[PDB]
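Chemist: The structure that follows is given in the form of structure tokens.
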Amino acid sequence: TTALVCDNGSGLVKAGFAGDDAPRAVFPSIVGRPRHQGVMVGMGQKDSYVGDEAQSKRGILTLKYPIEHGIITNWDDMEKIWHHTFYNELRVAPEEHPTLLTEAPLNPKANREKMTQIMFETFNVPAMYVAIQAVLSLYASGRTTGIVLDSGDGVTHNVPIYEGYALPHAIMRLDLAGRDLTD
Amino acid sequence: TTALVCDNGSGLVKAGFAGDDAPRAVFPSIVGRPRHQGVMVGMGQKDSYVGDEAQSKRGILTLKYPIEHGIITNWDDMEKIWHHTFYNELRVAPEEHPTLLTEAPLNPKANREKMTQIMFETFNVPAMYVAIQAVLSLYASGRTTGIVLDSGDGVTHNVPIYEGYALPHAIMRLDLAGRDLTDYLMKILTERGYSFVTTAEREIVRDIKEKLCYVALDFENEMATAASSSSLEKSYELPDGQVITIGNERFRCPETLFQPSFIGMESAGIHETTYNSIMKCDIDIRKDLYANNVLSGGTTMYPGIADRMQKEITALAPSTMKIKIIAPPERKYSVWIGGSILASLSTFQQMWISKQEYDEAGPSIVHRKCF
Amino acid sequence: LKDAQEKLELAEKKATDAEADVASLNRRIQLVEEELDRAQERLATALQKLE
Amino acid sequence: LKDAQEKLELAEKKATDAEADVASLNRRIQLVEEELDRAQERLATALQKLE
Ligand SMILES: Nc1ncnc2c1ncn2[C@@H]1O[C@H](COP(=O)(O)OP(=O)(O)O)[C@@H](O)[C@H]1O
Ligand SMILES: Nc1ncnc2c1ncn2[C@@H]1O[C@H](COP(=O)(O)OP(=O)(O)O)[C@@H](O)[C@H]1O
Ligand SMILES: [Mg+2]
Ligand SMILES: [Mg+2]
């Protein structure tokens, strides 16, 4: 079967089946509970709008990103985001598809372990693999050497690679990124 | 069984069974004791004529409304009005029917608590629910967003709603309404010689206001035109003859809505309190509120108001937004139609304040979860 | 009276007919205005895309 | 009745005035329908230019 190449990121979740050119569904990763009271009855008001739906009703929501700086600070919201990504934006049950998450360098271990535990227990995938976000960006350029500066929205990290041999002592991770520029 | 959708209002009580198009019985809410002595014996003279009966014997009565500005100031008279409404205009005993009253926003708590206590103790209804008069008017339009300006006869209030989530911090309640316009018209008619003083003649001035007055599109041009030509002077026949001619009093009476400085009120008109109510909302739902401005209530029936208000708001608002004013022809009964729709819903059937709940928590149950 | 009766009935029927006509025409004008505005929003989208 | 006679006459006149507004609303409906069709066409051409 085909593999699911998910990419959590921080600010935009990008996902799609392996072997294509562009991600199938790209949508902000925000989960916003309503904050006002609500008087219309039977309007079908949900308790949390996630993804791109909460960028249209954002006038009466309190959007809050579940990923602060690479690390994940709110596991329930992240689980909700993943569930939405699998079931509504791709409509493929995870029981029949391998997954390939991505993770920033130098992140806490507990984050990665919890990520794999969720993927194996809740969604019950057949097999998942976690890859460093810079090696992939080096794949896409068709190179095999080079030093890649991957300035995302959460964290900016700079992984040098030569001839396929990564240099673990030369990774410089800096926490300034798009969110701090927005602020 | 069926629910009773009563709507106390202030000036006209509108009631009827849930699920219809129009209220079954609409009649003024006035209770007038006789004031003269009375010499005929055995004529069967009662001590208080209520409802539409006192609009026919008003020549020898002293009519007095039991609801001043939304709030209820005379509880015995209001109880009498309710008793009449249930037993003579609908002829259905309240022991077998839920009731759905309506209440203006930002009203005193004691009024609402006393209302529920009366409905549960005196009339002994099975279950009653109190709803804000603007949400119903939004129901009737079939929308789910929009900012509704419900200019009744007692009080004008402006409740903005988005996606079903009401914004409690943006409700702008103003106490200028139809009654103050009647008093101001009665006060400016004296400039031609016609003096109306008695509380019975207030009804005649109200009829003049309803049948003749209109809202000018541009005030200064109309004031200049009425002062040169005579194409505006419309005449009207009093209940006894002696026709009167109304000149530029026609568009000066309802102009008070847009310039409350005429009756000495400080606040801004209904054209600017809507814009202020919008600007208090969040920055991302202002376009939808601009496009779905809803009018309701009786006093918004003046010929030519849906254009004056749109012109004013377009002047105030940013030039890019589209300003649209929804003015359905069934404006007067919009609140009651919305009340019927709400009472007819299946999802709403478990929100009533059941009597056993009131017995356990007292009248203060209304402020609780069952709002 | 009979003359008044017929006058009353005819005037009432004419009034109800005019009311129904104007109400339905109001609904129509609402619908066509919705057409116009929604089309205008499409116009704005297209303008942004082309620019 | 004389007053009922005047009332029925006034109500039928009101019906006729509502019919005059019925005519004006018909004109609005027709012109806005032209607008709707023109907007369909212009939106089609704008999207084509986008392509
Ligand atoms: N065209 C653009 N110009 C400038 N900044 C952009 C542009 N597109 C995205 N950004 C910034 O980049 C962020 C998205 O980064 P992204 O690569 O999606 O992060 P992640 O690595 O979490 O996927 C946004 O928050 C935005 O601030
Ligand atoms: N056709 C009309 N033209 C102008 N004013 C009207 C008209 N009908 C009613 N009004 C005014 O509106 C008032 C009735 O308002 P209403 O909506 O019944 O108040 P409530 O909200 O208490 O029911 C009357 O006192 C009258 O002054
Ligand atoms: Mg990234
Ligand atoms: Mg009202």
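Chemist: Give region B:197-213 a look and list any residue that's under 22 Å from residue B:226 (Cβ atoms) and part of a loop (DSSP other than H, G, I, E, B), or say none. I'd like the intermediate steps shown before the answer.
Modeler: Residues of region B:197-213 that are under 22 Å from residue B:226 (Cβ atoms), as a first pass: B:205, B:207-213.
Scanning region B:197-213 gives a single hit, B:213.
Chemist: Still on this structure, please answer the following. If you scan region A:16-26, which residues turn out to be within 16 Å of ligand 1 (Cβ to nearest atom) and closer than 19 Å to residue A:135 by Cβ?
Modeler: The first filter runs over region A:16-26 and keeps only residues within 16 Å of ligand 1 (Cβ to nearest atom), leaving A:16, A:22-26.
Hits for region A:16-26 are A:16, A:23.
Chemist: Oh, and also: List pairs: first in region B:338-360 and part of a helix (DSSP H, G or I), second of a type in the set (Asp, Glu), Cβ under 7 Å, 6+ apart or cross-chain?
Modeler: Listed pairs, sorted by first residue: B:339/B:7; B:340/B:20.
Chemist: If you check every pair at least six apart or on different chains, which have Cβ atoms under 7 Å apart with a residue in region B:312-330 that is more than 23 Å from residue C:41 (Cβ to Cβ) first and a residue that is β-branched (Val, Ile, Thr) and not in a loop (DSSP other than H, G, I, E, B) second?
Modeler: Partner pairs satisfying both residue conditions: B:330/B:337.
Chemist: Select, from A:58, A:24, the only residue that is of a type in the set (D, E, K, R) and farther than 23 Å from residue A:91 by Cβ.
Modeler: A:58 is the lone residue from the list that is of a type in the set (D, E, K, R) and farther than 23 Å from residue A:91 by Cβ.
Chemist: Just checking, does region A:98-114 include any residue being hydrophobic (A, V, I, L, M, F, W, C), more than 19 Å from residue A:5 (Cβ to Cβ) and away from ligand 3 (no atom under 14 Å from the Cβ)?
Modeler: yes
Chemist: Next question. Can you run down the residue pairs with Cβ atoms below 7 Å, 6 or more apart or on separate chains, where the first is in region B:203-231 and without any contact (Cβ under 8 Å) to a residue 40 or more places away in the chain and the partner is of a type in the set (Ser, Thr, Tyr) and in a helix (DSSP H, G or I)?
Modeler: What qualifies is B:205/B:182; B:206/B:182.
Chemist: May I pose another question? Only one of (1) surrounded by 22 or more Cβ atoms within 10 Å (Cβ to Cβ); (2) within 14 Å of chain A (Cβ to nearest Cβ) is not met by residue B:296, so which one is it?
Modeler: With (1) surrounded by 22 or more Cβ atoms within 10 Å (Cβ to Cβ); (2) within 14 Å of chain A (Cβ to nearest Cβ) applied to residue B:296, the lone miss is (2).
Chemist: Which residues, counting only those in region C:1-16, are surrounded by 14 or more Cβ atoms within 10 Å (Cβ to Cβ) and among the charged types (D, E, K, R)?
Modeler: Taking region C:1-16 first, the residues surrounded by 14 or more Cβ atoms within 10 Å (Cβ to Cβ) are C:7-8, C:11-12, C:14-15.
Once the filter is applied, which keeps residues that are surrounded by 14 or more Cβ atoms within 10 Å (Cβ to Cβ) and among the charged types (D, E, K, R), region C:1-16 yields C:7, C:12, C:14.
Chemist: Continuing with the same structure: Does region B:127-148 include one or more residues that are away from chain A (no Cβ under 14 Å), under 17 Å from residue B:14 (Cβ atoms) and within 16 Å of ligand 2 (Cβ to nearest atom)?
Modeler: no
Chemist: Output the residue which, of all residues in region A:84-126 that are assigned to a loop (DSSP other than H, G, I, E, B) and small (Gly, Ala, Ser), is nearest to residue A:10 (Cα to Cα).
Modeler: A:104
Chemist: If residue A:2 satisfies every condition in (1) touching a residue at least 12 places away in the same chain (Cβ under 8 Å); (2) more than 16 Å from ligand 1 (Cβ to nearest atom); (3) within 14 Å of another protein chain (Cβ to nearest Cβ); (4) polar (S, T, N, Q) but one, which is the exception?
Modeler: Every listed condition holds for residue A:2 apart from (3).
Chemist: Every residue in region A:140-153 that is within 17 Å of residue A:105 (Cα to Cα) and more than 19 Å from the chain's Cα centre (by Cα), please.
Modeler: Scanning region A:140-153 gives A:146, A:147, A:148.
Chemist: Among the listed residues B:62, B:73, B:122, B:156, which satisfies the condition of being touching a residue at least 24 places away in the same chain (Cβ under 8 Å), within 20 Å of the chain's Cα centre (by Cα) and away from every other protein chain (no Cβ under 14 Å)?
Modeler: Being touching a residue at least 24 places away in the same chain (Cβ under 8 Å), within 20 Å of the chain's Cα centre (by Cα) and away from every other protein chain (no Cβ under 14 Å) holds for just one of B:62, B:73, B:122, B:156, which is B:156.
Chemist: Going through region A:5-22 one residue at a time, which ones are surrounded by 16 or more Cβ atoms within 10 Å (Cβ to Cβ) and either without any contact (Cβ under 8 Å) to a residue 60 or more places away in the chain or within 16 Å of ligand 4 (Cβ to nearest atom) (or both)?
Modeler: A:14
Chemist: If you don't mind, there's one more thing I want to ask. Looking for whichever is basic (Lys, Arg), within 14 Å of chain A (Cβ to nearest Cβ) and within 26 Å of the chain's Cα centre (by Cα) here; the options are B:280, B:311. Which one fits?
Modeler: B:280
Chemist: When the residues of region B:83-103 are filtered to those that are out of contact with any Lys or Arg (no Cβ under 7 Å at 6 or more places or on another chain) and within 16 Å of ligand 4 (Cβ to nearest atom), which remaining residue is nearest to residue B:340 (Cα to Cα)?
Modeler: Only one residue fits best here, namely B:100.
Chemist: Going through region C:13-51 one residue at a time, which ones are more than 7 Å from chain D (Cβ to nearest Cβ), over 16 Å from the mean Cα position of the chain (by Cα) and not β-branched (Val, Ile, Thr)? Lay out the reasoning, then the answer.
Modeler: To start, the set of residues in region C:13-51 that are more than 7 Å from chain D (Cβ to nearest Cβ) comprises C:13, C:16, C:20, C:23-24, C:27, C:30-31, C:34, C:37-38, C:40-41, C:44-45, C:47-48, C:51.
Imposing the further condition that a residue be over 16 Å from the mean Cα position of the chain (by Cα) reduces the set to C:13, C:37-38, C:40-41, C:44-45, C:47-48, C:51.
Within region C:13-51, C:13, C:37, C:38, C:40, C:41, C:44, C:47, C:48, C:51 meet the criteria.
Chemist: Inspect region B:174-189 for any residue being touching a residue at least 40 places away in the same chain (Cβ under 8 Å), within 14 Å of chain A (Cβ to nearest Cβ) and not charged (D, E, K, R) and give the result as yes or no.
Modeler: No, the conditions are met nowhere in region B:174-189.
For (1) over 30 Å from residue B:209 (Cα atoms); (2) away from ligand 1 (no atom under 16 Å from the Cβ); (3) in contact with a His (Cβ under 9 Å, 6 or more places away or on another chain), each residue gets a yes or a no:
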| position | (1), (2), (3) |
| --- | --- |
| B:280 | yes, yes, yes |
| B:285 | yes, yes, no |
| B:308 | no, yes, yes |
| B:332 | no, yes, no |
| B:340 | no, yes, no |
| B:346 | yes, yes, no |
| B:367 | yes, yes, no |
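Chemist: Further question on the same structure: When the residues of region A:128-181 are filtered to those that are under 22 Å from residue A:113 (Cα atoms) and part of a helix (DSSP H, G or I), which remaining residue is nearest to ligand 3 (Cβ to nearest atom)?
Modeler: Top of the filtered list is A:133.
Chemist: Can you tell me which residue in region B:322-336 is farthest from ligand 2 (Cβ to nearest atom), limited to those that are among the hydrophobic types (A, V, I, L, M, F, W, C) and within 12 Å of chain C (Cβ to nearest Cβ)?
Modeler: The selected residue is B:323.
Chemist: Same structure again: Of the residues B:236, B:184, which is part of a strand (DSSP E or B), farther than 30 Å from residue B:292 by Cα and under 27 Å from the mean Cα position of the chain (by Cα)?
Modeler: Details: B:184 fails: part of a strand (DSSP E or B).
Result of the check over B:236, B:184: B:236.
Chemist: Report, by residue number, each residue of region B:307-327 that is touching a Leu at 6+ places or on another chain (Cβ under 8 Å) and either under 19 Å from residue B:26 (Cβ atoms) or surrounded by fewer than 17 Cβ atoms within 10 Å (Cβ to Cβ) (or both).
Modeler: B:307, B:311
Chemist: Moving on. In region B:143-153, how many residues are buried (at least 24 other Cβ atoms within 10 Å of the Cβ) and either in contact with an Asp or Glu (Cβ under 6 Å, 6 or more places away or on another chain) or without any contact (Cβ under 8 Å) to a residue 40 or more places away in the chain (or both)?
Modeler: Residues that pass the stated criteria total 0.
Chemist: Now, a different point. Please find, within region A:159-169, the residue that is farthest from ligand 2 (Cβ to nearest atom) out of those that are surrounded by 11 or more Cβ atoms within 10 Å (Cβ to Cβ) and without any contact (Cβ under 8 Å) to a residue 24 or more places away in the chain.
Modeler: So the residue we want is A:162.
Chemist: What pairs can you find where one residue is in region B:80-105 and more than 14 Å from chain A (Cβ to nearest Cβ), the other is within 16 Å of ligand 4 (Cβ to nearest atom) and part of a loop (DSSP other than H, G, I, E, B), and their Cβ atoms are less than 7 Å apart, with a gap of 6+ or different chains?
Modeler: If the second residue must be within 16 Å of ligand 4 (Cβ to nearest atom) and part of a loop (DSSP other than H, G, I, E, B), the pairs left are B:81/B:29; B:81/B:66; B:85/B:6; B:99/B:6; B:101/B:6; B:101/B:8; B:104/B:70; B:104/B:155.
Chemist: Determine which single condition residue B:352 fails, assuming it passes every other condition in (1) in contact with a strand residue (DSSP E or B) (Cβ under 6 Å, 6 or more places away or on another chain); (2) closer than 30 Å to residue B:113 by Cβ; (3) more than 14 Å from chain A (Cβ to nearest Cβ); (4) surrounded by fewer than 21 Cβ atoms within 10 Å (Cβ to Cβ).
Modeler: Checking residue B:352 against (1) in contact with a strand residue (DSSP E or B) (Cβ under 6 Å, 6 or more places away or on another chain); (2) closer than 30 Å to residue B:113 by Cβ; (3) more than 14 Å from chain A (Cβ to nearest Cβ); (4) surrounded by fewer than 21 Cβ atoms within 10 Å (Cβ to Cβ), the one that fails is (3).
As a convention, Cβ positions derive from the backbone with ideal geometry for all residues, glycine included, and neighbour counts pool all protein chains shown. Here, each number is a calculation from the coordinates, and none is a lab measurement.
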